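As a starting point, one isolated chain is supplied in structure tokens, in the form deposited in one PDB entry.
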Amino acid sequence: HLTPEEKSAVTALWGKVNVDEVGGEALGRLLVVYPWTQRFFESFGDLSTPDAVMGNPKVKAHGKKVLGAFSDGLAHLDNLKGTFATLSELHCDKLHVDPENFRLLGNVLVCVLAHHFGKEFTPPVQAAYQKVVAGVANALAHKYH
């Protein structure tokens, strides 16, 4: 439950986010830091080295879709279970992704936002974003519940 102060600070920082790169950077880092998540992206190609994952064009293109889904959740915070209904069906019934990996990618996105904004990404701003990434991960796992 985000306070209007947290809500406003969340939209302000997100408006300055590089829509074209941040997503790919977050999906790329998840694949390098947590190397088991690579199983779900075998049809993507070279991931052998950390530079192969980051440089990969489909990791960037797929990350763009993932960021788009995150931006979707930020616009509709009070309806997360609904916003991610089809994706929760996709990731649980069709893809069989463990819900723990959603918590990891959400945290990796937080690390990326910190890496891009620096000291602008202050502790109360991270606290607000932790509510969002926990909310998205929980909503992406409702099909298991």
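Heads up, when I say rigid core I mean the largest set of C-alphas that superpose within 1.5 Å between the two forms. Position 1 is the first residue in the sequence shown; the rest follow in order.
The form deposited in another entry exists for this protein as well; it is not shown, and the discussion that follows is about that form.
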Report the residue, chosen from 42, 78, 100, 93, for which the CA moves 2 Å or more between the shown form and the other one after the rigid core is overlaid.
78
Using a rigid core superposition, assess whether residue 55 undergoes a CA shift of 2 Å or more between the shown form and the other one.
no
Residue shift check between the shown form and the other one, rigid core fit, residue 114 Cα at least 2 Å:
no
Using the core for the fit, does the CA position of residue 69 change by 2 Å or more between the shown form and the other one?
yes
Comparing against this form, do residue 37 and residue 70 have their CA atoms pulled together or pushed apart in the other entry? The difference is 3 Å or more.
farther
Between residue 32 and residue 72, does the Cα distance in the other entry come out closer or farther than in this form, changing by 3 Å or more?
farther
